[PDB]
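Q: Here you go, one structure.
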Amino acid sequence: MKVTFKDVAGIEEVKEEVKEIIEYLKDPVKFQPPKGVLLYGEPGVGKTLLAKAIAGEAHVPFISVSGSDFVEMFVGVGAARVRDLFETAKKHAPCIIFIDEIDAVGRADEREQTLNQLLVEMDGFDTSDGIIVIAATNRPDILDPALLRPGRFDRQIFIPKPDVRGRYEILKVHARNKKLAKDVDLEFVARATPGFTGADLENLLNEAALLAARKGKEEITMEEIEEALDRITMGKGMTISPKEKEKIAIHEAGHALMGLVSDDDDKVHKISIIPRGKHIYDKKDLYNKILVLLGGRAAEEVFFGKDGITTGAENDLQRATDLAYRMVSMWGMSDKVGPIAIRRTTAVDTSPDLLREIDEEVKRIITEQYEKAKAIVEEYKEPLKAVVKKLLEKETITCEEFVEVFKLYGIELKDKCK
Amino acid sequence: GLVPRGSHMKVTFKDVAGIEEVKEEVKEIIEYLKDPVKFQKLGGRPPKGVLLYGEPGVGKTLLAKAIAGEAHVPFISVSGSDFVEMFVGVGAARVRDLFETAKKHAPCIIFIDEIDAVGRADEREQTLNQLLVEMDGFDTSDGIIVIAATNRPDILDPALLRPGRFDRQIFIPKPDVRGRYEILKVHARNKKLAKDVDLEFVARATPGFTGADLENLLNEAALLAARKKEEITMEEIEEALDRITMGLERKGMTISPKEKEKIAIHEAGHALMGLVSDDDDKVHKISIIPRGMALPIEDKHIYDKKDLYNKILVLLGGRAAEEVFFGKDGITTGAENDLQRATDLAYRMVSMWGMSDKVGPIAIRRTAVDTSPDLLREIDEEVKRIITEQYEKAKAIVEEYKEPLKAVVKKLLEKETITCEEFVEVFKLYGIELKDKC
Amino acid sequence: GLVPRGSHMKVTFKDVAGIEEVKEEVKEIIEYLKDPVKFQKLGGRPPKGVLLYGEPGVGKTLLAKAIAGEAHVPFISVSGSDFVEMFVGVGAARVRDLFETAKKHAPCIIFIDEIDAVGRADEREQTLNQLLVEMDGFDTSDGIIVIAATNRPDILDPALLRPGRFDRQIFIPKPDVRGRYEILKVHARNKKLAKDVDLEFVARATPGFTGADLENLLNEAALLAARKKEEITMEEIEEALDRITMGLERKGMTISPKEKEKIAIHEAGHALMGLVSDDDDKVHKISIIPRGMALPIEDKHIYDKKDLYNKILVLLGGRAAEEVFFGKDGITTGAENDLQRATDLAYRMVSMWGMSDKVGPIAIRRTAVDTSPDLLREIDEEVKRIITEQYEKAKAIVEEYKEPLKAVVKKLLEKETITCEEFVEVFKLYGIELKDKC
Amino acid sequence: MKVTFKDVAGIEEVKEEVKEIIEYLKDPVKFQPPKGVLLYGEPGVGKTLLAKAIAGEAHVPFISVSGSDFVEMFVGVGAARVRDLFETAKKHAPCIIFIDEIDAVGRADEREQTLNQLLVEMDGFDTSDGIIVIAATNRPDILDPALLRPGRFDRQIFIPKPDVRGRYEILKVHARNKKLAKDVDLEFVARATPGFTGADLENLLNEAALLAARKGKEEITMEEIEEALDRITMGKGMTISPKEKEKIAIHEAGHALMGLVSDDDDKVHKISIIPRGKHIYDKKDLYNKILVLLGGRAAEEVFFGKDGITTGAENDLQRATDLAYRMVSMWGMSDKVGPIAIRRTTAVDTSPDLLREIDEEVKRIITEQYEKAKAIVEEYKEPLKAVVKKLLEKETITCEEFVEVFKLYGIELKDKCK
Ligand SMILES: Nc1ncnc2c1ncn2[C@@H]1O[C@H](COP(=O)(O)OP(=O)(O)O)[C@@H](O)[C@H]1O
Ligand SMILES: Nc1ncnc2c1ncn2[C@@H]1O[C@H](COP(=O)(O)OP(=O)(O)O)[C@@H](O)[C@H]1O
Ligand SMILES: Nc1ncnc2c1ncn2[C@@H]1O[C@H](COP(=O)(O)OP(=O)(O)O)[C@@H](O)[C@H]1O
Ligand SMILES: Nc1ncnc2c1ncn2[C@@H]1O[C@H](COP(=O)(O)OP(=O)(O)O)[C@@H](O)[C@H]1O
Ligand SMILES: [Zn+2]
Ligand SMILES: [Zn+2]
Ligand SMILES: [Zn+2]
Ligand SMILES: [Zn+2]
């Protein structure tokens with residue numbers, strides 16, 4: 001029932017980020033200031049596991065609760081439950097309140113009261129009390145922004161799906177209890193499970209142990225590992241085909257290329273075939289953000305043609321369009337429309353002609369930037385092929401490695417590496 | 001100490017008929033119940049809960065009892081409907097008492113019929129919480145298995161299906177003609193019928209029947225014989241069958257032969273599209289028996305325009321076959337579902353994924369943020385273009401292969417279920433080679 | 001009798017820096033606390049409650065303590081967050097006990113930090129009611145003053161601001177470069193730094209910092225010196241400043257120099273429009289420091305078409321300056337708010353006030369009572385006409401005065417804040433006379 | 001803590017109107033029949049003060065409550081609170097129930113139950129019980145009409161902002177407690193605070209006393225009065241500029257002129273530069289009501305041109321348009337549209353062509369009447385200037401004074417004076 005960082009694998013950056021929280025929990029008054037922390041990511045990537053590991057590293061109790069227990073209760077219950085949860089946590093401090101499925105309470109009627117109670121409690125406890133609240137969710141896109149205001153979950157962390165190195169380390173962690181054979185190559189398993197989560201890998205090793213026992217053996221052999229993987233694939237886990245890997249690699253490479261070419265100030269992050277996940281900007285910065293967002297799809301079209309574009313661009317595309325709309329309907333960055341602003345569902349009833357103008361202008365912006373991105377990808381198609389080769393091999397490369405590959409072709413790129 | 005005491009079962013796989021696949025699926029559970037320590041020897045965690053869902057009378061409880069008997073372990077049965085009167089009130093037991101009584105008799109099976117009675121979306125809530133607590137907490141390592149059963153899986157509290165508690169579901173389908181035949185044989189053992197009857201005819205004559213219905217037919221025939229002379233004859237079977245089938249045709253859904261033909265053509269069109277497409281998934285078995293129940297883009301992570309076009313094609317295959325075989329006046333409402341999905345998919349391609357050239361790479365997350373009528377008109381025109389293009393393609397494909405499809409439809413109306421491989425063979429007998437997607 | 005006992009404060013206006021206007025505003029309260037009977041000699045009722053709001057670390061609690069020390073009166077402090085554990089439960093005090101303890105020590109100050117903890121829009125409700133009852137009921141004539149503080153004034157229960165209870169609010173803004181310099185001086189007294197440092201550079205290098213941040217910087221420098229030799233040098237200050245500024249730039253909003261230039265141009269355009277308009281209100285000071293927080297036609301009773309046109313002009317001034325200085329690609333999202341208001345205003349002029357000739361004197365109270373598309377088209381066309389007309393006018397005005405505006409922007413990026421009079425002087429140095437609206 | 005009519009100033013008409021209620025409260029059975037009374041007006045005009053004065057004149061207790069205390073309560077509380085309020089009032093009868101912010105409960109979900117409870121209680125108590133319910137509100141335009149049905153608040157009274165005479169009398173009332181100097185001219189203060197409310201005047205005298213004390217004096221002098229007024233104006237109270245006064249005077253004069261010229265039966269009220277605030281009609285009566293409503297704006301345009309029209313017409317204009325709509329969509333008073341009736345949000349989905357016809361016809365009606373009003377104002381521009389001069393001087397004149405000024409120009413006007 002004890003958990004520590006030894007049981008978590010493949011997220012060294014997150015461990016570094018939460019080292020401060022662990023130091024705080026070990027001795028709060030000495031440290032003093034994070035209040036709340038949000039963990040978001042697909043199911044089975046280790047959010048609850050990470051919270052429990054943080055709790056165990058500081059040798060503090062771990063209070064686990066779900067939004068589901070608060071959401072469905074009769075009228076007036078959920079708020080008193082939140083308040084009593086915080087009081088019981090205060091009494092056992094120092095401790096951690098873990099709230100899984102925080103989206104169940106924090107969407108953007110009765111749930112509203114419970115949400116407000118949560119906000120009150122988050123703001124009320126001083127740092128002297130010695131509590132840290134960790135929330136977890138699969139749906140960060142539908143969260144009430146109030147939850148992220150300073151003092152309330154003012155620090156968010158993404159837990160990504162594991163790459164090959166992460167998958168290998170996870171397989172090591174979960175192999176420890178099981179008595180595997182010498183022949184098994186967990187590295188091969190890692191390279192054979194792109195798109196798996198830590199939970200998927202646990203289930204794979206467990207099914208392999210089950211099949212081994214069913215065959216009366218005493219050691220788990222590559223036979224059973226491959227059998228379990230084939231079982232799951234043939235009809236829980238979803239694996240990425242090599243063709244899919246190539247498509248994703250090209251999309252992400254186009255994204256990074258646009259990031260590294262645009263006349264912007266945003267820093268380009270690492271390139272990986274794992275899916276990705278309040279300031280002032282000017283018209284040009286926004287055009288270039290759109291460009292970056294359209295880069296992956298532009299690469300898809302340049303390499304595979306109009307019939308090869310994929311759903312992987314979905315997110316990106318939406319954001320791009322959304323941005324264009326804000327540029328036209330909220331920020332008056334269109335000449336044809338002018339410096340008029342309507343949207344905040346809008347507030348005033350708009351005529352159809354004006355909506356048609358807004359739509360036409362959004363299409364103009366998006367298609368212009370899309371042609372720009374397609375042209376850029378065409379110009380640098382060969383260094384991009386090089387990057388994609390390195391990417392399909394290692395599954396992930398650094399922005400610095402991207403720049404290096406590109407200068408190998410006599411191309412100097414902007415120093416935007418994060 | 002109010003919970004019923006567990007008892008062994010006098011039922012085994014010999015008493016179940018027509019679901020060999022389900023038997024394969026539960027072989028793992030039976031091996032575990034025969035020897036838990038062997039399973040856990042390598043720290044391999046086994047399954048805790050298992051949900052059986054299917055129409056009433058298809059053999060869910062029978063399957064649970066048969067599993068219990070194959071391992072020679074006790075079988076503790078309780079009904080979800082009884083839970084409130086069982087585990088709520090002064091003097092009444094608690095759910096924990098059920099699980100502990102099972103632990104003492106371990107290895108054994110706890111069977112919960114009508115689990116939906118407690119786990120839909122009050123006191124029943126208290127009982128449900130007790131059950132969930134026990135499922136998450138209780139150390140099942142001793143070798144007990146919880147099997148839940150329900151006829152209404154569409155109204156199950158998703159909390160019941162979270163990992164660790166009933167995280168494994170199994171569908172028990174209605175028996176096809178061979179399955180009905182085997183069930184009739186199984187229940188004939190006790191009745192000792194007369195010589196003249198050939199049960200295969202009874203099977204072929206009862207599409208859409210469940211094992212329970214065949215039981216009731218044979219028992220009514222034996223009763224009529226007793227009321228009539230030591231021997232059960234075709235006369236009495238035909239009388240009982242006419243009675244039950246007439247009584248059921250009104251309330252309920254019976255498979256008319258015309259309905260059977262329509263269904264066969266629809267499913268054959270689906271399968272044909274699946275087997276002709278360039279880049280698709282693997283084709284499953286073809287059958288006029290419903291293939292599941294509640295509890296279309298999730299087989300892969302990303303899809304490309306071609307994969308989505310081909311998915312649309314498949315979805316339109318059934319209607320295309322209907323039109324080719326029966327003409328524009330013979331298309332049916334059975335395609336309803338399919339059609340919707342197809343159209344829905346097309347919409348996503350145009351308004352969400354920017355896979356239309358005319359529309360462009362614009363994306364509208366969904367539902368709509370005040371869109372001009374011109375844009376909606378463009379989206380609709382493009383959706384209609386895609387759908388009609390794929391529909392003409394599918395109609396052409398069916399036209400090309402109309403004769404081998406007629407062959408498949410005949411084999412299907414006969415056997416009620418065929419394999420993808422049999423499909424390929426029927427097609428090879430017409431000098432037509434199909435891709436090995438089976 | 002659980003409430004904390006009141007104690008005098010060792011803080012006065014000498015310890016507060018960079019908010020001389022707030023000091024003027026609270027001079028009345030300090031005079032009252034020095035001698036209540038003098039105030040009430042002519043039956044002049046004084047203020048009861050005072051709300052201080054501003055970003056965290058700008059000196060709200062410091063200001064309250066300084067007011068308490070200037071009058072030499074006790075200072076009773078309590079946190080809103082503590083109220084529930086303070087005034088709720090068996091044995092716990094009551095809010096009345098706080099107010100009466102203050103009355104006995106009168107004249108004094110009750111300071112309630114984080115008043116938002118109790119007064120947002122349960123037991124906290126009970127405590128809030130107790131506080132309100134005391135605010136309305138208690139005879140403060142003895143000379144006690146309640147000062148509330150909050151960082152989140154946008155979520156305050158408006159009941160807290162009704163007349164008689166916290167009916168007076170004061171904003172404490174972030175310090176400009178001069179204010180930061182004075183704060184650094186204040187906190188230098190205790191630290192005795194080395195000779196080489198010129199704190200003015202540190203001030204200029206810390207836009208958007210609060211007094212607390214400057215405190216933390218100087219204390220970290222003194223700590224590093226101790227860990228390093230009796231003297232604090234530029235080396236250690238630069239190290240600490242780099243540390244804190246790097247750590248803050250990520251989470252939070254820091255003022256880049258480009259951001260500072262954009263903000264300066266925006267605010268300068270606002271002020272220029274204000275100073276050029278024919279019939280407007282008086283122009284306030286120009287500064288790149290935010291000028292308020294939550295808790296555009298209310299300065300007069302009635303407005304005419306010209307006044308509204310000029311208000312629109314002002315609202316569009318910032319964006320017009322942005323475009324003139326940076327071109328169509330340099331306009332920014334900072335104008336967002338402004339733009340909305342402008343457009344909103346135009347709409348009211350057309351659909352609510354009948355100030356359009358093309359539309360006529362028709363009025364649609366708001367939102368809409370089934371209006372034909374033709375009418376919405378006319379309203380939109382007229383709104384666009386108004387907004388673009390005023391925007392071209394504003395762009396022309398900025399073009400005409402681009403050089404003196406560059407001068408103002410330079411002075412602004414230097415000092416971070418300037419007066420309307422300094423604006424007029426900068427403009428007079430270019431042979432341009434502006435109206436005396438200061 | 002005692003209040004009477006001596007503490008209220010500048011509303012003799014309201015005191016006359018409530019004399020009957022005071023007689024009722026002094027001896028209810030002898031009198032017998034008003035049940036409820038609504039006071040509406042801008043904040044700080046003395047609604048609560050008037051209620052307390054009524055309570056004190058009859059020597060009866062005064063039960064004060066706010067809608068705000070009823071509105072926010074958990075489900076099922078507000079109705080039991082209303083019922084218990086009426087029971088406690090019945091026990092202490094004769095008394096007054098005063099409900100401030102009656103709009104908080106009486107708008108047009110859970111609040112609905114409390115509102116119904118209020119209605120039940122209003123209807124249930126007979127006149128024998130001896131209670132009077134006085135409601136107060138700033139937003140009479142959003143009140144549920146059920147509150148005004150006979151037997152429930154069947155008498156409404158508007159409390160207007162004080163004119164110069166009212167402001168002077170209020171300054172007298174509030175000066176009594178303060179020890180002013182001989183030099184102070186409260187009449188000058190009155191003429192210097194157009195658009196002030198009684199509360200604004202109280203605050204002015206109080207700030208003046210504060211400044212006097214701060215300067216160590218013993219008497220409040222014009223210095224302090226002017227200083228306090230300058231303080232409030234320079235950065236609580238809103239004063240009307242003389243240009244604003246001229247605009248308002250012209251608007252109100254146009255209103256009155258239309259009232260006195262139209263072929264109607266409605267009576268014209270007094271003319272004042274203070275803002276203003278179930279029968280059968282025929283098409284002509286409605287056209288003339290529209291005309292009157294458009295008179296103020298028409299005068300504004302005639303005197304100051306298209307760039308001088310003001311927001312003061314807002315109310316008027318809206319009503320006019322609303323009326324036109326009812327004439328076209330509800331009463332079939334348009335030939336082009338016909339005797340069709342749709343609106344009661346309408347009930348049946350209407351085609352766009354018909355909505356365009358309705359809008360075009362409404363515009364026709366409004367513009368016709370607006371040209372009519374502009375022409376009338378042009379014809380009588382000089383007598384109107386005379387009225388405006390008298391109005392800027394006295395701030396208020398009677399309809400009879402209006403007619404007199406006009407006959408001084410050889411113009412006989414209809415005897416519509418109220
Ligand atoms: N990064 C990881 N490292 C080690 N184990 C993991 C990781 N991710 C998932 N797991 C395993 O998968 C299972 C699910 O983890 P959990 O944290 O509950 O998922 P989530 O928090 O995303 O709901 C756990 O049993 C855990 O051991
Ligand atoms: N597939 C089958 N094979 C053999 N017998 C069956 C089958 N399905 C149903 N039966 C018979 O029908 C009866 C009903 O089975 P049961 O499992 O109780 O129904 P359900 O699972 O729908 O509640 C049993 O007596 C059983 O012997
Ligand atoms: N304007 C200022 N002048 C001098 N010192 C300041 C100023 N603002 C903040 N400080 C210092 O920063 C610290 C925080 O002040 P405090 O009033 O507690 O913050 P807040 O009011 O935001 O809660 C105090 O120790 C104070 O000395
Ligand atoms: N007509 C008036 N005569 C005398 N005093 C007035 C008048 N109007 C307002 N006041 C003063 O203004 C303050 C607010 O009065 P109140 O009746 O509470 O306003 P309302 O009823 O409009 O909310 C009171 O203290 C009162 O003395
Ligand atoms: Zn992308
Ligand atoms: Zn189908
Ligand atoms: Zn602005
Ligand atoms: Zn008017």
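Residues in the structure tokens are numbered from 1 in each chain, the chains being A, B, ... in the order shown, and ligands are numbered from 1 in the order shown.
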Please, which residues have at least one atom within 6 Å of an atom of ligand 7, using only C-alpha atoms and all ligand atoms, listed as a list in words?

A: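 So, counting only C-alpha atoms and all ligand atoms, the residues near ligand 7 are residues 318, 335 and 338 of chain C.
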
Q: Extract, using only C-alpha atoms, all DNA, RNA and protein residues at most 10 Å from residue 247 of chain D, discarding same-chain residues fewer than 3 positions from it, and format them as a list in words.

A: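 So, after excluding close chain neighbours, the residues are residues 302, 303 and 304 of chain C; 241, 242, 243, 244, 250, 251, 252, 253, 273, 296, 297, 299, 300, 303, 304, 308, 309, 310, 312 and 388 of chain D.
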
Q: Please write the residues from the selection above to a file, keeping N, CA and C atoms, as an mmCIF file, in the first residue's frame.

A:
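Okay, result12.cif is ready:
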data_model
loop_
_atom_site.group_PDB
_atom_site.id
_atom_site.type_symbol
_atom_site.label_atom_id
_atom_site.label_comp_id
_atom_site.auth_asym_id
_atom_site.auth_seq_id
_atom_site.Cartn_x
_atom_site.Cartn_y
_atom_site.Cartn_z
ATOM 1 N N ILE C 302 -27.961 62.806 -19.468
ATOM 2 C CA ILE C 302 -28.236 62.630 -20.887
ATOM 3 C C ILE C 302 -26.957 62.938 -21.653
ATOM 4 N N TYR C 303 -26.777 62.246 -22.775
ATOM 5 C CA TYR C 303 -25.717 62.532 -23.730
ATOM 6 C C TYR C 303 -26.342 62.793 -25.089
ATOM 7 N N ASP C 304 -25.675 63.617 -25.886
ATOM 8 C CA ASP C 304 -26.114 63.859 -27.250
ATOM 9 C C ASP C 304 -25.234 63.099 -28.234
ATOM 10 N N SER D 241 -25.756 69.838 -15.839
ATOM 11 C CA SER D 241 -25.157 71.047 -16.376
ATOM 12 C C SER D 241 -26.244 71.956 -16.949
ATOM 13 N N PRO D 242 -25.993 73.267 -17.019
ATOM 14 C CA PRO D 242 -26.998 74.148 -17.638
ATOM 15 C C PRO D 242 -27.331 73.779 -19.074
ATOM 16 N N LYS D 243 -26.352 73.341 -19.867
ATOM 17 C CA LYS D 243 -26.662 72.872 -21.215
ATOM 18 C C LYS D 243 -27.587 71.660 -21.159
ATOM 19 N N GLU D 244 -27.275 70.711 -20.275
ATOM 20 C CA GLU D 244 -28.178 69.594 -20.032
ATOM 21 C C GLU D 244 -29.553 70.087 -19.593
ATOM 22 N N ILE D 250 -36.250 71.523 -23.195
ATOM 23 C CA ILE D 250 -36.840 71.448 -24.529
ATOM 24 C C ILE D 250 -37.556 70.116 -24.730
ATOM 25 N N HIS D 251 -36.952 69.016 -24.273
ATOM 26 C CA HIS D 251 -37.593 67.710 -24.419
ATOM 27 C C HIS D 251 -38.949 67.688 -23.719
ATOM 28 N N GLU D 252 -38.973 68.092 -22.448
ATOM 29 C CA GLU D 252 -40.216 68.080 -21.681
ATOM 30 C C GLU D 252 -41.235 69.057 -22.257
ATOM 31 N N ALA D 253 -40.772 70.207 -22.752
ATOM 32 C CA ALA D 253 -41.683 71.169 -23.354
ATOM 33 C C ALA D 253 -42.315 70.608 -24.618
ATOM 34 N N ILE D 273 -38.080 69.847 -15.439
ATOM 35 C CA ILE D 273 -36.835 69.370 -16.037
ATOM 36 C C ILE D 273 -36.301 68.171 -15.268
ATOM 37 N N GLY D 296 -40.670 65.074 -27.338
ATOM 38 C CA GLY D 296 -39.424 65.551 -26.759
ATOM 39 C C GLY D 296 -38.255 65.443 -27.721
ATOM 40 N N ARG D 297 -38.096 64.279 -28.352
ATOM 41 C CA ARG D 297 -37.016 64.109 -29.317
ATOM 42 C C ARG D 297 -37.197 65.035 -30.513
ATOM 43 N N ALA D 299 -38.582 67.976 -30.535
ATOM 44 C CA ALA D 299 -38.118 69.278 -30.082
ATOM 45 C C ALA D 299 -36.599 69.333 -30.040
ATOM 46 N N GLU D 300 -35.969 68.273 -29.532
ATOM 47 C CA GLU D 300 -34.513 68.233 -29.491
ATOM 48 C C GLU D 300 -33.931 68.460 -30.878
ATOM 49 N N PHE D 303 -34.510 72.108 -32.309
ATOM 50 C CA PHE D 303 -33.729 73.180 -31.704
ATOM 51 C C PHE D 303 -32.229 73.001 -31.913
ATOM 52 N N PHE D 304 -31.722 71.770 -31.827
ATOM 53 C CA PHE D 304 -30.284 71.530 -31.846
ATOM 54 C C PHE D 304 -29.776 70.797 -33.079
ATOM 55 N N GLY D 308 -27.706 67.023 -32.105
ATOM 56 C CA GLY D 308 -27.981 67.456 -30.748
ATOM 57 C C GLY D 308 -28.992 66.603 -30.008
ATOM 58 N N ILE D 309 -29.661 65.691 -30.719
ATOM 59 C CA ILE D 309 -30.576 64.763 -30.070
ATOM 60 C C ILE D 309 -29.842 63.993 -28.974
ATOM 61 N N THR D 310 -30.593 63.549 -27.968
ATOM 62 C CA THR D 310 -30.012 63.053 -26.730
ATOM 63 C C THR D 310 -30.601 61.705 -26.336
ATOM 64 N N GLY D 312 -32.023 61.262 -23.513
ATOM 65 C CA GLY D 312 -33.200 61.469 -22.687
ATOM 66 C C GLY D 312 -34.466 60.923 -23.312
ATOM 67 N N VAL D 388 -39.423 77.472 -22.180
ATOM 68 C CA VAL D 388 -38.121 76.955 -21.768
ATOM 69 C C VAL D 388 -37.408 77.957 -20.873
#

Q: Give the residues close to ligand 3, within 10 Å, counting only C-alpha atoms and all ligand atoms; write them as a PyMOL selection string.

A: chain C and resi 11+13-20+52-66+113-114+149-151+172-175+179-187+209-216

Q: Which of segment 63-160 of chain A end up as strand (DSSP E) when DSSP is run on this backbone - answer as JSON, numbers by chain?

A: {"A": [63, 64, 65, 66, 95, 96, 97, 98, 99, 100, 131, 132, 133, 134, 135, 136, 137, 155, 156, 157, 158]}

Q: Give me, as JSON, numbers by chain, the residues of chain B touching chain A, with the criterion being at most 6 Å (counting only C-alpha atoms).

A: {"B": [38, 39, 42, 43, 44, 302, 303, 304, 305, 306, 353, 362, 363, 372]}

Q: Between B:98, B:93, B:217, B:193, single out the one closest to ligand 2, counting only C-alpha atoms and all ligand atoms.

A: B:217

Q: Could you tell me which residues of chain A sit within 12 Å of chain D when counting only C-alpha atoms, and give me the result as an MDAnalysis selection string?

A: chainID A and resid 74:76 110 113

Q: Which residues are close to segment 269-282 of chain C, i.e. within 6 Å by only C-alpha atoms, leaving aside same-chain residues fewer than 2 positions away? Reply as an MDAnalysis selection string.

A: chainID C and resid 266:267 314 317:318 321 437:438

Q: Excluding residue 383 of chain C and residues on its chain fewer than 2 positions from it, collect all residues at most 9 Å away from it, counting only C-alpha atoms, and give them as a PyMOL selection string.

A: (chain A and resi 340) or (chain C and resi 343+346-347+349-350+378-381+385-388)
